[PDB]
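Only the coordinates and a few stated rules stand behind these numbers; no lab work does. Note: ideal-geometry Cβ built from the backbone for every residue, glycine included; neighbour counts use all protein chains shown.
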Amino acid sequence: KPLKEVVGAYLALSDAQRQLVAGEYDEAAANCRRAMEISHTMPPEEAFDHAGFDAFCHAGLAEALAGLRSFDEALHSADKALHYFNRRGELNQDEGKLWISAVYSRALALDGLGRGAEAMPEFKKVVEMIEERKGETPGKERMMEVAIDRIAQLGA
């Protein structure tokens, strides 16, 4: 019973992560929600990092929803991930890649909702974090180009 749920949740999240890379955002969003649903069926006495795991799921979910241009839901998912990363996040660990992702998703969501005044500083934050982070950050070129193009278009 207990480990079945731990592995079930981990595999659901891994599937979602591969789907994000492949651009299958509909499936990725479903698997992120499914991963959390499974993680929350565990008894409280079983050792598991719920706070961190939920943050990872929300980051992935925010990226998927941003991809589908469902910005309102994306914004809320990114905020739930950032609530964790701002408190217990570590930028120079693998975890940091998902932190940056959540900040980027938030910027895209705010921009998609027509809240450019708030999106701008978030796009700047994405670039600042990429610089600050020691270690490979896959997709950094894509993010930085979007960030810089939007900061210019919103300013004009």
Cβ neighbours within 10 Å, averaged per peptide: list 4-16, 135-147 in order, most packed at the top. 4-16, 135-147
From the C-alpha gyration tensor of the chain, pull out the three semi-axes of the equivalent ellipsoid (sqrt of 5λ each), sorted largest to smallest, in whole Å. 28, 16, 13
Summed side-chain charge close to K124 - residues other than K124 whose Cβ falls under 12 Å, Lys, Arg +1, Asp, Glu -1: -2
Set of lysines near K1 by C-alpha distance (under 18 Å), chain-local residues within fewer than 8 positions excluded: none
Tilt relative to the chain, helix 95-112 - C-alpha long axis, 0 to 90 degrees, to 10: 50
Treat every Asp and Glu Cβ in the chain as -1 and every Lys and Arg Cβ as +1, leave all other atoms uncharged, and give the resulting dipole magnitude about the Cα centre to the nearest 20 debye. 120
Using a simple spin-label model with points 7 Å from Cα along the Cα→Cβ vector, what separation in nm is obtained for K125 and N86? 0.7
Virtual spin-label span in nm between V6 and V146, 7 Å along Cα→Cβ: 3.5
Under 12 Å from the Cβ of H83, count the other residues' Cβ atoms, weight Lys and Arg +1, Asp and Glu -1, and hand me the total. +2
Could you give the angle, 0 to 90 degrees to the nearest 10, between helix 2-22's Cα long axis and the longest principal axis of the Cα atoms of the chain? 30
Once both axes come from the Cα atoms, what is the angle between helix 25-39 and the longest principal axis of the chain, in degrees from 0 to 90, rounded to 10? 40
